[PDB]
Amino acid sequence: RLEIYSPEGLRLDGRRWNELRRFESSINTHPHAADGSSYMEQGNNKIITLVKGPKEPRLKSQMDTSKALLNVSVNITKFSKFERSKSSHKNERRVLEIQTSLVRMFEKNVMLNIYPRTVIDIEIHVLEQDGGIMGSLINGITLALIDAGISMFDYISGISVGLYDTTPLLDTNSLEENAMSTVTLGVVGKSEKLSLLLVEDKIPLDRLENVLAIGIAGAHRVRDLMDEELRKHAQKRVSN
Amino acid sequence: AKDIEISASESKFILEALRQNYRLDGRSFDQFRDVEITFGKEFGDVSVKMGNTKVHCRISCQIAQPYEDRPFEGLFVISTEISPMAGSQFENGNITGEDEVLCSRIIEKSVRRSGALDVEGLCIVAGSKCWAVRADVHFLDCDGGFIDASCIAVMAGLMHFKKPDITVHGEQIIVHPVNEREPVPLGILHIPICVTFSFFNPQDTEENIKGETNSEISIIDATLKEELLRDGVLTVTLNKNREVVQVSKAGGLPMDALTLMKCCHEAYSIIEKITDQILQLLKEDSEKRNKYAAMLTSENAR
Amino acid sequence: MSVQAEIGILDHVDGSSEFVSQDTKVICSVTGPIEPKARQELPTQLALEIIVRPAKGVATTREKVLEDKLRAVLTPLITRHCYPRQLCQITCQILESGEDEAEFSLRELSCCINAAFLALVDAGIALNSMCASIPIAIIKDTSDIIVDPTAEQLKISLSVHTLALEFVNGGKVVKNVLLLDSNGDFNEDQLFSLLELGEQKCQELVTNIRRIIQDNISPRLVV
Amino acid sequence: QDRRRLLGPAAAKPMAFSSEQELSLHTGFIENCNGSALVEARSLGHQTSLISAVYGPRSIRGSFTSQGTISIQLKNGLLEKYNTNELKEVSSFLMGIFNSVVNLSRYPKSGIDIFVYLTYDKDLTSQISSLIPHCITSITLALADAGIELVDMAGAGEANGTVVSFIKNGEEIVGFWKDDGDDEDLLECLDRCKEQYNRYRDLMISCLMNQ
Amino acid sequence: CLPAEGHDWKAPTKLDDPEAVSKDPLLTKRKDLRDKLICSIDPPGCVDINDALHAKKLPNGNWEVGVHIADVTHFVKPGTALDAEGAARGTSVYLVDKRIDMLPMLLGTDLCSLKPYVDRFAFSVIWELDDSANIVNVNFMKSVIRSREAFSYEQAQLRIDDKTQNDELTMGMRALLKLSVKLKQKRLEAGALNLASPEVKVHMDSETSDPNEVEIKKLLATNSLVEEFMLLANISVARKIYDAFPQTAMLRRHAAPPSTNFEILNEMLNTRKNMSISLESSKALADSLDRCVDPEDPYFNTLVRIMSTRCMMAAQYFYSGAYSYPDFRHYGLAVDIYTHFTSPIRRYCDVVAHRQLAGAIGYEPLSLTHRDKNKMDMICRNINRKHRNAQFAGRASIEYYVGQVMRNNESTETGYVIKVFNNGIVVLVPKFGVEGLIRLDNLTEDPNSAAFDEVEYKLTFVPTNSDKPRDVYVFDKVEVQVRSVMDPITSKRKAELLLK
């Protein structure tokens, strides 16, 4: 059922084999009760992030002399699908799995060293997903932390590649996700060193280089939008 | 839960042992401990021992309702619930449960998401009746090696496992005893075996991240002290067909694609070896189970 | 075979044991005396928090009923006043039941009790007395007692009985009965028959466990 | 099934299916509790029995709190079926009345555990509106028996699915509920419920007078 | 329930041996006979020994023949686990290079096999035939035999062609070939077509459970020799068990053709060549099939014979609990009472009949299984079904392998068109016995030059690698091959049965 690609370079969205999806973002969506915030659109993956804190926790066990405690809560509401989510997801392994992955990864990207006896809570609310969602969530975090003034080394940028045998298709939707093996990757800074590589499906080892190499280019392309967005915003609030 | 408090001197010492190119066990960085597979007196009981790390897996099946989204598949549920027989930092089912989730999730990503156990054929009646296969992985001793050992315990457990021969008429399933007729073994599509590379920094994060040098100490098959002390990890899982089944990388030391793929290539030799070891061990236990079954063959020549 | 026991097999835990009784196979660890949780701090007493986890599926309500049964027996076995304000977690993992878990608990329970004794011997925690426990059924076919029954014999039971007795002054004078859980129909003349037989069959089991611990301890401790 | 409780076969499903009142009070009839009350109400419509038990003042140390607090559990009857959320609403309602009636200042670091058992409700002929007089009668009695301070006895009527609770002899209102009553009932109901409150006031005082 | 001796077992010499009278205590009722020469008459490179036979002369001018059937009743008892297993399988299924055993391997092909130079238990049916071939008497007993040499059909054939071995086995075999041609004439006389011909034999159900071949070929006058002696031993048994109990007797039959299959078979022969066959009696069939000959195609008799046996109803095992004695008809074996006991190794029915026969003579008691209706009837149904599927499967197994060999030699061979459809023909290849559909579709250049007359049964298409139309008649020669052609629904080739 359906074409996923053709020799004529089209899809049923109509993207090209190294074309990105619609990247829209804007920052400060809660600038009255959240220390930094950002809204992230990639496709129809509609992600809002708030950062609340740095703040001291009022429980002593959450206080830590050596670095801040970091909490990343991934909340997925009941209207992210096309239908009403019948299930409880805020108490599921799939979501705790994403949590454990984002936290350990951003824990090293963010300097928590310069915020001792602190707790940071990153609060990530998904409004819709239409797949390519695992790389989209990383990107929303990255714009929230830079807005909140929380120091960092680099931008991690998430991007997905679906391999249609030898044909790597950069960025993904619901069809692409459900009809072949998808790779999800992140790079930190303009480095070739990968923070995150996540594979859920049979990807051949012999072709393992082809999907990552195009993805590390594809990642650089996402990162320059993030800078452009941010400096267009910072210039605004330094003119006034 | 209560955790092990090691010294600063321990932390220094184990790094220096890697830097000057030895190991505590007298191993090499690329050397995996010998896994011995002890098949039970029942189907799907496997005792899996790698040196001091002792893990068990027992497989059970039951008749179960498919789920709403895809009722044309059955169920694989992995309990990697852990109780204190390795420490006190694991207690009372879930109490933190970070490790529970990760081991459970990777084993699912290996066997159900990719395939390494047939799921289509688990439907006895589509949309009504299916097998549910439950892997309950219980560690009794641990000396690191956590994911690697658990995986081998899941696949040997499943391969030795067998399930009631069933006859359907309508929706009535006549369940047949395992002395009455011979129980049927599960379908296996692939052999995932994990190899967990534990990455240790000789520098600090800041010098690592915009450096490009590779001088990172790559070790597999960590000890208990090593598991705690690792700055980063790559868990990569392959099958004995040159395909990567699953990768979990998410926190710890970053790595170039070439170095990651290096890792994969090393693991690819090591998993044929474990797969081989597993094959010939299975055979020799099977020969003893087959000893009068060979006599009573109904597949014979004309 | 009948029974086999080993100690010391696990190395990371304060003490451990492997108890096998035919088909039934229980491996045990005692951990502690260790630092109490605040909810399991008791003033003059060592705390016991026992966990029984079945091989097939995941632990439920059943294992709490077993925990209570185990806890009853173990509270006068372990010298409570030996450690005040410390906890001991005894974690008993069943590697094969080889029977039906909801229906019969006769072999399962007897095995746990013995693996707990051994593990505690390896652990070094004070033990006033020797405890073992034996499984006793009655089958409907002859309408009579069969001692130390197999899996098949359990199926054809009308009733089933475990006894545990506390062994002093040469490990051969019955001090007390720490358990006698008699489930199914019985009338009194059977029950005193189950004590009588019970006595002698326990004392053999005590001999065998006694023997095992000496042989396994003796190359370790040398002079 | 579950790890905390036995729930039997899980693919199994339920069975499909095919002053006008007298309140007589009782207290101090069961023990392991600081005070208890029993309210049985009989009416043409329906007969009902409500048990209450109040546990504590309890100390809740390891923190200093400005003043005490009240915590309300409603427990689903054994012959009445309700949504968990409605029980929460009514718990929330009753808490806000009791907040106003119980004086809380004689007791630092306090939590009080109130249990409302809505055991039996039976029709011979919403629903949750009707039993609010009876809950308020029960719980007050219990706070009185235990020796918990109170501004006035709390008590209410139900006129036309509308519940109004008063203290001080009908003078002050401590809560109002209207759910599926008719528009503009206000005068009829307040007049009618005042009668009811004054009538059950004295009943509670006379229960407390046998002890 | 498989006996522990069974790889080293020999049977006793004495029935007063210690061990022997504790193993079987029913042994006093099992006659010692092992001192009379027996020999076995089996397939070349036999898959197992199912039988042994002898014939000896009495000086009083009788010839005595004994059918020595393998005894499975000392090793297996009814209601055992082995029995239950044996019942479940119901038949032994011969395939092309797989044999699928009904009993375990060592039980079936060693123990119960009547090996040469080894003493072995048998059930003896021993019966005297006068020279003109009429049964003088017949005995049923249990026994102990030995066979001394196991012959292949060929060796048995050559021992008939020697005249200078004048031992009992040679003289035996010559008299057996003499008696046999009379006995066969009786069956034909009463009213039957030939079934002993190899060609007929392969397209019909087996009498002994004989394997269906790789390539069908003439088989020997020794193959024909042992068919009749078994037939009459089966008939002797049939009558006995009916006496033993008349409402739960294990039986077998086949029945006359339906009207419509026969009517349509004749219609094709009628229009084609104005040749015709009869449905009066099985005698009138034999007379009419005899009279339908042409030297235009010389396989003509052979072919109508085959067609008649397909339209005739398949063998059904049954019981006398719901049928009466006039209903036990056979329409080619010309009997009104029948069973099959030939080989209780291969066939479950033969073991049912065996136990009933052992109980008939009081060796055992009659078992409850064989002396009430409904326990008998359920099993009869199952085992009946299992035999049809087996026989069909043995023919299917031949068919796809001859598809391999036809393709590997790349041969073209003489077949006959048996059915003619509006977009196909069915070709019978009777040098191997296989039948296959040739799809016209894959063998035409255009589907719209297919000219079919249904009243005459004759097709015409224009072939691929011809430019002219080719007629294909029903019942005429065609040169058929198995050859790769391109798939219409794939992008690769597959080997199909096709004509030039």
# chains A, B, ... in the order shown; residues from 1 in each chain; ligands from 1
>>> interface_residues(of="chain B", to="chain E", cutoff="8 Å", atoms="only C-alpha atoms", output="list in words")
residues 295, 296, 297, 298, 299, 300, 301 and 302 of chain B
>>> closest_atom_pairs(of="chain A", to="chain B", cutoff="8 Å", atoms="only C-alpha atoms", output="CSV")
residue,atom,partner,partner_atom,distance
A:93,CA,B:101,CA,6.1
A:94,CA,B:105,CA,7.6
A:96,CA,B:101,CA,7.3
A:97,CA,B:101,CA,6.5
A:100,CA,B:98,CA,7.0
A:101,CA,B:250,CA,4.9
A:102,CA,B:250,CA,6.9
A:103,CA,B:251,CA,7.8
A:104,CA,B:251,CA,4.5
A:105,CA,B:251,CA,3.6
A:106,CA,B:251,CA,7.3
A:107,CA,B:251,CA,7.6
A:108,CA,B:251,CA,7.0
A:153,CA,B:206,CA,8.0
A:191,CA,B:210,CA,7.0
A:192,CA,B:256,CA,5.6
A:193,CA,B:256,CA,4.3
A:194,CA,B:254,CA,5.4
A:195,CA,B:254,CA,5.0
A:196,CA,B:250,CA,4.9
A:197,CA,B:249,CA,5.1
A:198,CA,B:247,CA,5.1
A:199,CA,B:247,CA,4.8
A:200,CA,B:246,CA,5.1
A:201,CA,B:114,CA,4.9
A:202,CA,B:245,CA,4.7
A:203,CA,B:244,CA,5.5
A:204,CA,B:243,CA,4.0
A:205,CA,B:243,CA,4.9
A:206,CA,B:242,CA,7.1
A:208,CA,B:261,CA,7.4
A:209,CA,B:257,CA,7.4
A:212,CA,B:257,CA,7.2
A:213,CA,B:257,CA,7.9
>>> select_by_dssp(residues="range 42-268 of chain E", states="alpha helix (DSSP H)", output="MDAnalysis selection string")
chainID E and resid 81:89 105:106 153:161 168:191 198:201 221:244 259:268
>>> residues_around(residues="range 231-238 of chain A", least_positions_apart="3", cutoff="12 Å", atoms="only C-alpha atoms", output="VMD selection string")
chain A and resid 25 to 28 38 143 146 to 147 224 to 228
>>> interface_residues(of="chain B", to="chain C", cutoff="12 Å", atoms="only C-alpha atoms", output="PyMOL selection string")
chain B and resi 1-3+40-49+51-62+77-88+90-93+132-144+224
>>> interface_residues(of="chain C", to="chain D", cutoff="10 Å", atoms="only C-alpha atoms", output="mmCIF file with N, CA and C atoms, in the first residue's frame")
data_model
loop_
_atom_site.group_PDB
_atom_site.id
_atom_site.type_symbol
_atom_site.label_atom_id
_atom_site.label_comp_id
_atom_site.auth_asym_id
_atom_site.auth_seq_id
_atom_site.Cartn_x
_atom_site.Cartn_y
_atom_site.Cartn_z
ATOM 1 N N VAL C 58 4.628 -13.224 38.193
ATOM 2 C CA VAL C 58 5.145 -12.214 39.073
ATOM 3 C C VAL C 58 4.324 -12.360 40.326
ATOM 4 N N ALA C 59 5.037 -12.176 41.491
ATOM 5 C CA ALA C 59 4.594 -12.180 42.811
ATOM 6 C C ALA C 59 3.439 -11.301 42.995
ATOM 7 N N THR C 60 2.483 -11.819 43.823
ATOM 8 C CA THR C 60 1.151 -11.412 44.067
ATOM 9 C C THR C 60 0.974 -11.598 45.601
ATOM 10 N N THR C 61 -0.341 -11.596 46.006
ATOM 11 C CA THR C 61 -0.906 -11.742 47.324
ATOM 12 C C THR C 61 -0.530 -13.026 47.959
ATOM 13 N N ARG C 62 -0.345 -14.080 47.176
ATOM 14 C CA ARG C 62 -0.075 -15.428 47.591
ATOM 15 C C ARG C 62 1.209 -15.346 48.372
ATOM 16 N N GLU C 63 2.228 -14.712 47.869
ATOM 17 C CA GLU C 63 3.562 -14.697 48.465
ATOM 18 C C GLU C 63 3.551 -13.902 49.777
ATOM 19 N N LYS C 64 2.498 -13.115 50.092
ATOM 20 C CA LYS C 64 2.452 -12.457 51.352
ATOM 21 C C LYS C 64 1.970 -13.402 52.452
#
>>> select_by_dssp(residues="range 2-222 of chain C", states="strand (DSSP E)", output="ChimeraX atom specification")
/C:3-7,15-21,24-34,47-53,87-96,130-139,144-147,157-168,173-183
>>> interface_residues(of="chain D", to="chain B", cutoff="12 Å", atoms="only C-alpha atoms", output="short mmCIF file (atom, residue, chain, number, x, y, z; two decimals) with N, CA, C and O atoms, in the first residue's frame")
data_model
loop_
_atom_site.label_atom_id
_atom_site.label_comp_id
_atom_site.auth_asym_id
_atom_site.auth_seq_id
_atom_site.Cartn_x
_atom_site.Cartn_y
_atom_site.Cartn_z
N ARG D 3 -0.65 -6.95 42.31
CA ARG D 3 0.40 -7.30 43.32
C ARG D 3 0.00 -6.96 44.74
O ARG D 3 0.59 -7.54 45.67
N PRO D 9 -10.29 -13.72 37.84
CA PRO D 9 -10.17 -13.75 36.40
C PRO D 9 -10.40 -12.36 35.84
O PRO D 9 -11.45 -11.83 36.08
N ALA D 10 -9.52 -11.87 34.89
CA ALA D 10 -9.49 -10.45 34.44
C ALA D 10 -10.12 -10.26 33.05
O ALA D 10 -10.23 -9.11 32.63
N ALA D 11 -10.48 -11.33 32.36
CA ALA D 11 -11.16 -11.29 31.09
C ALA D 11 -12.64 -11.41 31.33
O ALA D 11 -13.38 -11.02 30.43
N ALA D 12 -13.06 -11.80 32.58
CA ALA D 12 -14.36 -11.69 33.15
C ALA D 12 -14.87 -10.27 33.25
O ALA D 12 -14.08 -9.37 33.59
#
>>> residues_around(residues="range 23-27 of chain B", least_positions_apart="6", cutoff="9 Å", atoms="only C-alpha atoms", output="VMD selection string")
chain B and resid 14 17 33 223
>>> write_last_selection(atoms="N, CA, C and O atoms", output="PDB file, in the first residue's frame")
ATOM      1  N   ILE B  14      41.046   2.359  39.201  1.00  0.00           N
ATOM      2  CA  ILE B  14      40.463   1.546  38.146  1.00  0.00           C
ATOM      3  C   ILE B  14      40.689   2.253  36.790  1.00  0.00           C
ATOM      4  O   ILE B  14      40.793   1.647  35.716  1.00  0.00           O
ATOM      5  N   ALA B  17      44.426   1.543  35.812  1.00  0.00           N
ATOM      6  CA  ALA B  17      44.470   0.176  35.328  1.00  0.00           C
ATOM      7  C   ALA B  17      44.021   0.073  33.864  1.00  0.00           C
ATOM      8  O   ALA B  17      44.680  -0.677  33.092  1.00  0.00           O
ATOM      9  N   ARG B  33      33.766 -12.674  29.201  1.00  0.00           N
ATOM     10  CA  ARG B  33      33.779 -13.774  30.077  1.00  0.00           C
ATOM     11  C   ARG B  33      33.049 -14.907  29.415  1.00  0.00           C
ATOM     12  O   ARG B  33      32.130 -14.766  28.632  1.00  0.00           O
ATOM     13  N   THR B 223      32.562  -4.890  35.333  1.00  0.00           N
ATOM     14  CA  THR B 223      32.396  -5.450  36.675  1.00  0.00           C
ATOM     15  C   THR B 223      31.383  -4.616  37.401  1.00  0.00           C
ATOM     16  O   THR B 223      30.926  -3.610  36.857  1.00  0.00           O
TER      17      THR B 223
END
>>> residues_around(residues="residue 71 in chain C", least_positions_apart="2", cutoff="12 Å", atoms="only C-alpha atoms", output="ChimeraX atom specification")
/C:47-52,63-69,73-78,88-90,109,112-113,116,178-179
>>> write_last_selection(atoms="N, CA and C atoms", output="CSV table (one decimal), in the first residue's frame")
chain,number,residue,atom,x,y,z
C,47,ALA,N,14.7,-6.7,62.5
C,47,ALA,CA,13.4,-6.8,61.7
C,47,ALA,C,13.6,-7.8,60.6
C,48,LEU,N,12.5,-8.4,60.2
C,48,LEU,CA,12.4,-9.3,59.2
C,48,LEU,C,11.4,-8.8,58.2
C,49,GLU,N,11.9,-8.9,57.0
C,49,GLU,CA,11.2,-8.5,55.8
C,49,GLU,C,11.6,-9.6,54.9
C,50,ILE,N,10.7,-10.5,54.6
C,50,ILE,CA,10.8,-11.6,53.8
C,50,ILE,C,10.1,-11.4,52.5
C,51,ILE,N,10.7,-12.1,51.4
C,51,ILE,CA,10.1,-11.9,50.0
C,51,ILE,C,10.2,-13.3,49.5
C,52,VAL,N,9.1,-13.8,48.9
C,52,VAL,CA,9.0,-15.1,48.2
C,52,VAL,C,8.6,-14.7,46.8
C,63,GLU,N,2.2,-14.7,47.9
C,63,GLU,CA,3.6,-14.7,48.5
C,63,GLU,C,3.6,-13.9,49.8
C,64,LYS,N,2.5,-13.1,50.1
C,64,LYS,CA,2.5,-12.5,51.4
C,64,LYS,C,2.0,-13.4,52.5
C,65,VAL,N,1.1,-14.3,52.1
C,65,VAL,CA,0.5,-15.3,52.9
C,65,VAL,C,1.6,-16.3,53.2
C,66,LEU,N,2.4,-16.7,52.2
C,66,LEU,CA,3.7,-17.4,52.4
C,66,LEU,C,4.6,-16.6,53.3
C,67,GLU,N,4.8,-15.3,53.1
C,67,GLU,CA,5.7,-14.5,53.9
C,67,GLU,C,5.4,-14.5,55.4
C,68,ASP,N,4.0,-14.5,55.7
C,68,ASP,CA,3.6,-14.6,57.0
C,68,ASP,C,3.9,-15.9,57.6
C,69,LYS,N,3.7,-17.0,56.8
C,69,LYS,CA,4.0,-18.4,57.3
C,69,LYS,C,5.4,-18.5,57.6
C,73,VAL,N,7.6,-18.8,61.6
C,73,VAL,CA,8.6,-19.8,61.8
C,73,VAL,C,9.9,-19.1,62.2
C,74,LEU,N,10.3,-18.1,61.5
C,74,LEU,CA,11.7,-17.5,61.5
C,74,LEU,C,11.9,-16.7,62.7
C,75,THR,N,10.9,-16.0,63.3
C,75,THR,CA,11.0,-15.1,64.4
C,75,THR,C,11.6,-15.8,65.6
C,76,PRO,N,11.3,-17.0,66.2
C,76,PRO,CA,12.0,-17.6,67.2
C,76,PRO,C,13.2,-18.4,66.8
C,77,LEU,N,13.4,-18.6,65.4
C,77,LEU,CA,14.7,-19.3,64.9
C,77,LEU,C,15.8,-18.3,65.0
C,78,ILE,N,15.6,-17.1,64.6
C,78,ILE,CA,16.7,-16.1,64.6
C,78,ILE,C,16.5,-15.5,65.9
C,88,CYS,N,17.1,-7.4,58.4
C,88,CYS,CA,17.5,-8.4,57.6
C,88,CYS,C,16.5,-8.8,56.6
C,89,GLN,N,17.0,-8.7,55.3
C,89,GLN,CA,16.1,-9.0,54.1
C,89,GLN,C,16.5,-10.3,53.6
C,90,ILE,N,15.4,-11.2,53.6
C,90,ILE,CA,15.6,-12.5,53.1
C,90,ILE,C,14.8,-12.7,51.9
C,109,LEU,N,6.8,-24.3,50.3
C,109,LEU,CA,7.0,-23.7,51.5
C,109,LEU,C,8.1,-24.5,52.3
C,112,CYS,N,11.7,-23.5,51.1
C,112,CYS,CA,12.0,-22.1,51.5
C,112,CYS,C,12.6,-22.0,52.9
C,113,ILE,N,11.9,-22.8,53.8
C,113,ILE,CA,12.2,-22.8,55.3
C,113,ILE,C,13.6,-23.3,55.5
C,116,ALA,N,16.2,-21.0,54.0
C,116,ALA,CA,16.4,-19.9,54.9
C,116,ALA,C,17.3,-20.2,56.1
C,178,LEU,N,6.9,-25.4,65.6
C,178,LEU,CA,6.8,-24.0,65.1
C,178,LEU,C,5.8,-23.9,64.0
C,179,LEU,N,5.5,-25.0,63.3
C,179,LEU,CA,4.4,-24.9,62.5
C,179,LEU,C,3.8,-26.3,62.4
>>> residues_around(residues="range 25-39 of chain D", least_positions_apart="4", cutoff="12 Å", atoms="only C-alpha atoms", output="MDAnalysis selection string")
chainID D and resid 47:58 112:121 131:148 200:211
>>> residues_around(residues="range 145-162 of chain C", least_positions_apart="4", cutoff="9 Å", atoms="only C-alpha atoms", output="MDAnalysis selection string")
chainID C and resid 2 22:24 98:99 104 106:107 109:110 133:141 179:186 190 193:194 197:198 201
>>> closest_residue(among="A:110, A:58, A:123, A:12", to="chain D", atoms="only C-alpha atoms")
A:58
